[PDB]
């Protein structure tokens, strides 16, 4: 069994690849930084069980993994883009195009690249990592929320067509997952260190903590296990019960 996780250094990347590798999958990894062979090799060294690739675009990635490692059983589309808050009238339209490009066109492209081999084999699992920002409670986050909702809906729609070919499709919509060193999207600092941030988490999440990479990994790996294919089409709101607002005052 062979899996690909994109953007492996950020967001859901490491939790997914590490937990998948432990489950006995051969895991190919993608990252922008794997353009430079310095970076690739420093990552191959640190992580001898993972298999990082130079390939950058969806179709050359799928073919490169398919050449080397067999045939893709699992796609984890771990999509990232900078959120910077701003009012609608300030954004340029070309900004929304880039947002949709990173968060929405990308997973479609990866699914579209892998789908016909999975269908031929009548097996595969496809998992988009999106965000709980979809129809979420934020303001001035509009380009981001909407592109993520695009990607979740794409997952749910694909499930309906690929079910016939025995391929479950899932979206994982996180909030408050500790991203460690990565800025996408809850780096240990300021989130574990700054008392103002720590107070925000305890205020608005039900479990009053950040989620761990390992939780995000365990979920990815359960979905990819073949244990619960019948959940196909589910968007999983991995957000520790966010949002939680307080009772009326006084």
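Positions refer to the first chain, counted from 1.
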If you average the CA temperature factors over each stretch, which comes out higher, 40-48 or 26-34? 40-48
Which wins on mean Cα temperature factor, 152-160 or 69-77? 69-77
Residue with highest C-alpha B-factor in the PDB entry, from 217, 58, 211, 190: 190
Residue 200: CA B-factor among chain residues, third -> highest
Please say which third, lowest, middle or highest, residue 94 falls into when its CA temperature factor is compared across its chain. middle
Using the temperature factors of the C-alpha atoms in this entry, rank residue 6 within its chain: lowest, middle or highest third. lowest
By the recorded C-alpha temperature factor, relative to the other modelled residues in its chain, which third is residue 177 in? middle
Just say lowest, middle or highest third for the CA B-factor of residue 194 relative to the other modelled residues in its chain. highest
